[PDB]
Amino acid sequence: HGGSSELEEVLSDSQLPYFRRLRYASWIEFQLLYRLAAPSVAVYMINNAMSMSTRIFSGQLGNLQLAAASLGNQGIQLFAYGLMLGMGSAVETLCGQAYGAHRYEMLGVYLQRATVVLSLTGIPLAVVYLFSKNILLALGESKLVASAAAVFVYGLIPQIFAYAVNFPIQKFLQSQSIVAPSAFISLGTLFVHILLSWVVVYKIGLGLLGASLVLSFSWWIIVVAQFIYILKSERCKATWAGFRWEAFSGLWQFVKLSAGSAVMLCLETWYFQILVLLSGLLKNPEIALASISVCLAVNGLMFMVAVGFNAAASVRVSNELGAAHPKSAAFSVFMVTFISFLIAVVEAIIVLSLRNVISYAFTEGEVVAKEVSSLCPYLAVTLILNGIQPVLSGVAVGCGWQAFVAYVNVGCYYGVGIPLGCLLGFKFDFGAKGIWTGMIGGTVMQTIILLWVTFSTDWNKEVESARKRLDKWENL
Ligand SMILES: CCCCCCCC/C=C/CCCCCCCC(=O)OC[C@H](O)CO
């Protein structure tokens, strides 16, 4: 329980040579990164598999049912997904810093205080789900498609409040460096999800409504399974003191800290969505929509590995800033960035080697395979950029820089990325290469700013700022 972190700090405090000290602080760091990032990827892959399993099981009832599962997941759910996870960012930085400062008693307070805030946030998301039929026909979709997706969206209204409890519990167990139980109950519920969705759809005949209800039901099985763990777990007897009335105090404070990360995700959900819509306005958008969707799907599939390093870099900096280990935090930021950078290099190598094959996997098109292969050099740059940007955003969450990063991300995306992509794409007639270059240029500037800031960071002041943050939340 934080003993390894103390040892790493002790190792840096020695007269031993730099190379001997580097090898033997990297080994203890690499062991901590692996014990955190490996189950984090396994959790997101199994959970997204349920979103794919529900999309697959519901899509086998007709082409209208598949469009309902696709438009419901990417249209309104992806908007509701980024809003719930954004508020769960303040409980991520508060639990990790408190777990490092041995204030285990208030870890359960942050869980409930995040649940109350997220449960109130899921109320505006509920009325949007009810009128999902009206917003789809407003975008021009057919009434039969809008009513079909709404019924599928009607079944996802319990998935909203399931997020409001799963995300605080996820970051709660993440701070204590215990993410293994979450990966195994998700594996079991997936078998329960595939089995129950097969019984509800094929035998009960509830249609696409029951298909989305089984998804929302399975999401509530991992919520109950995660809560009954912390009640019986021995590593959670110091961190979960039980239900407390203090969770209702200082709700607006949790709103202000988490508001930065929430806007960063929903706008980015629209930012990529705007980049797709803008690609439809380019000259010859017939192939620009398919090629960009292939590269972004590869970018999205490669992004699933980056979120594991994001969770690891977040808890490491949080646990070290709370335990007053500034040199260990400056090393964890460096170590996560380097290992994730080498992974992004391997991701770019595989894409460049299979530049002609990856296009046929998503859609069989000969002219599409050429256009995708032409954008693979640009996609490889985005993959390398997506191997440093999320880990620098994860350490910024651990330091509480969520407001500073949100200003930079929105400014680099909407203020720099979008105008550069439209100027290169439309005015300069570079097509999809101009859009992707503008998206690259946006991510480049963001990473550069964060890199200079993070490496010029006074980690002594971040430790003091972590004490002030924990002390103020303890007073109220
Ligand atoms: C849909 C699910 C919703 C889930 C959440 C429902 C409750 C949210 C309400 C909280 C404030 C009102 C209730 C608490 C009123 C007393 C608060 C209190 O003790 O205030 C102390 C004061 O702030 C000095 O420290």
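Under UniProt numbering, the residues of the sequence shown are numbered 18 to 493, in order. Ideal placement from N, C-alpha and C gives every residue a C-beta, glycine not left out.
Residue i beta carbon near ligand 1 (any heavy atom closer than 6 Å)
i, result
"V133", "yes"
"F265", "yes"
"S29", "no"
"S410", "no"
"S136", "yes"
Whole-Å CB distance - residue i paired with residue j, under 8 Å assumed
i, j, result
"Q191", "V332", "5 Å"
"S376", "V389", "4 Å"
"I360", "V385", "About 28 Å separates the two Cβ atoms, so there is no contact after all."
"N316", "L396", "7 Å"
"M104", "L135", "5 Å"
"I202", "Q243", "7 Å"
"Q94", "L154", "Actually they are not in contact, since the Cβ atoms of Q94 and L154 sit about 18 Å apart, beyond 8 Å."
"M319", "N373", "The pair is not a contact, with the Cβ atoms about 18 Å apart (cut-off 8 Å)."
"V408", "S357", "5 Å"
"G89", "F148", "With a Cβ gap of about 13 Å, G89 and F148 do not count as contacting."
"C416", "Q463", "Not a contact, Cβ separation roughly 16 Å."
"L124", "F184", "The pair is not a contact, with the Cβ atoms about 15 Å apart (cut-off 8 Å)."
"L392", "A449", "7 Å"
"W476", "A341", "With 8 Å as the limit, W476 and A341 do not qualify as a contact, their Cβ atoms being about 10 Å apart."
"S75", "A86", "4 Å"
"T110", "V414", "5 Å"
"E25", "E46", "6 Å"
"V196", "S57", "6 Å"
Proximity test, residue i beta-carbon vs ligand 3 heavy atom, cut-off 6 Å
i, result
"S275", "Absence of ligand 3 is noted for the structure shown, with ligand 1 being the only ligands found."
Runs of alpha helix (DSSP H) lying entirely within the segment 337 to 383, each at least 4 residues, in chain order: DSSP runs (the alpha helix (DSSP H)) wholly in the segment 337 to 383: 343 to 370, 374 to 379.
Taking only runs of the alpha helix (DSSP H) that begin and end inside the segment 57 to 124, which ones reach a length of at least 4 residues, in chain order? For the segment 57 to 124, whole alpha helix (DSSP H) runs of length 4 or above, ordered along the chain, are 80 to 88, 95 to 104, 107 to 117.
Using 8 Å as the cut-off, can you tell me whether the segment 297 to 308 makes contact with the segment 138 to 153, which would need three or more C-beta pairs spanning the two stretches below that distance? Under the three-pair Cβ rule at 8 Å, the segment 297 to 308 does not count as touching the segment 138 to 153.
Taking only runs of the alpha helix (DSSP H) that begin and end inside the segment 244 to 317, which ones reach a length of at least 4 residues, in chain order? Every alpha helix (DSSP H) stretch that sits fully inside the segment 244 to 317 and reaches 4 residues is listed by chain position as 268 to 298.
Contact the segment 77 to 88 vs the segment 447 to 465: 3+ CB pairs below 8 Å: No: the two stretches stay apart, fewer than three of their Cβ pairs being nearer than 8 Å.
So within the segment 442 to 490, which uninterrupted beta strand (DSSP E) runs reach at least 3 residues, ignoring any that extend past its ends? Whole beta strand (DSSP E) segments, 3+ residues: zero.
Hey, which unbroken runs of the beta strand (DSSP E) at 3 residues or more fall wholly within the segment 381 to 441? Segments of the beta strand (DSSP E) lying fully in the segment 381 to 441: there are none.
Three Cβ pairs or more, each shorter than 8 Å: is that satisfied between the segment 247 to 259 and the segment 270 to 278? Contact fails: fewer than three Cβ-Cβ distances are below 8 Å.
State whether the segment 262 to 271 contacts the segment 225 to 244, with contact taken as three or more CB pairs (one from each stretch) at a distance under 8 Å. No, because fewer than three Cβ pairs between the segment 262 to 271 and the segment 225 to 244 fall closer than 8 Å, the two stretches do not touch.
Is there contact here, the segment 58 to 73 with the segment 202 to 211, by at least three beta-carbon pairs under 8 Å? As far as the Cβ criterion goes, the segment 58 to 73 touches the segment 202 to 211, which means the pair count is three or higher.
Take every Cβ of the segment 42 to 61, pair it with every Cβ of the segment 325 to 342, and state whether three or more of those distances are shorter than 8 Å. Verdict: yes, contact present.
Count the C-beta pairs between the segment 213 to 231 and the segment 99 to 118 that are closer than 8 Å, then say yes if the count reaches three, no if not. By the Cβ test, the segment 213 to 231 is not in contact with the segment 99 to 118, since fewer than three Cβ pairs between them sit closer than 8 Å.
Could I get the ranges of all uninterrupted alpha helix (DSSP H) runs contained in the segment 169 to 250, with 4 residues as the minimum, in chain order? Segments of the alpha helix (DSSP H) lying fully in the segment 169 to 250: 174 to 192, 197 to 215, 224 to 249.
Does the segment 114 to 122 touch the segment 483 to 490, meaning 3 or more C-beta pairs lie closer than 8 Å? Contact between the segment 483 to 490 and the segment 114 to 122 is present: three or more C-beta pairs spanning the two stretches fall below 8 Å.
Whole runs of the alpha helix (DSSP H) within the segment 19 to 60, excluding any shorter than 4 residues: Segments of the alpha helix (DSSP H) lying fully in the segment 19 to 60: 20 to 29.
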